[PDB]
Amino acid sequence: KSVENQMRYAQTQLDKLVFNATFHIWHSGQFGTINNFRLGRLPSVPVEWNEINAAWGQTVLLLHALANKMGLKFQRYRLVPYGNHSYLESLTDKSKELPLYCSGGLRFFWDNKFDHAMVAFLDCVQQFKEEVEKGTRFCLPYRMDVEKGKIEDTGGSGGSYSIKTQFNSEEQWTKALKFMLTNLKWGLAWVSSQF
């Protein structure tokens, strides 16, 4: 099973079918893309952070719209769509900063706020998964592990890939993000079909 095939499968459903904006999830080599922004970077393709931040912003807007369409209010966090500087807020810790954007440079010179934000977002994606799967044999294709901040290539390599940048490689981080976008694409197909 290839992630590209999983995306095609979802695109087949989507083509046979309404939202305020359009959210087109696809692939470009090793990258997952959303509305043409690459969500990742590679040693050989140093995607600018403005583009990564924009991809995050569209991803947040998508999950926000999916949750609003379903009547789902997330636990633990709320999404704050804010263009290319989108973020979450913790519902229990008003202090906590959870930016889904970063500026350039080296992981070394950063705190963990962006990484915490991405794990909080994966928590929300997993909550969405539980709602679409409730009751149907339907399942989003890639298992998510919120405790560890990882996504599994279920039925592919079987490996688990971190959504955090710290202690990770750019190629594995990009893979995790691409599996996450595939899950959201499947979610959009299911939501567009069942609502």
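We number the residues from 1 along the sequence you see.
Going from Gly135 to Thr136, the model skips 1 to 3 deposited residues, which lack coordinates. Missing deposited residues between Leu17 and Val18: 4 to 9, all without coordinates in the entry. Stretches 65-73 and 148-156 differ in mean C-alpha B factor, with the higher average recorded for 65-73. Between the stretches 136-144 and 43-51, it is 136-144 that shows the larger average CA temperature factor.
Among all modelled residues in its chain, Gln172 ranks in the lowest third by Cα B-factor.
Looking at the C-alpha B-factors along this chain, the one for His85 belongs to the lowest third.
Compared with the other modelled residues of the chain, the Cα B-factor recorded for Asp115 ranks in the middle third. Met180: CA B factor lies in the lowest third for its chain, per the PDB record.
Ranked within its chain, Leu79 lands in the lowest third, by CA B factor from the PDB record.
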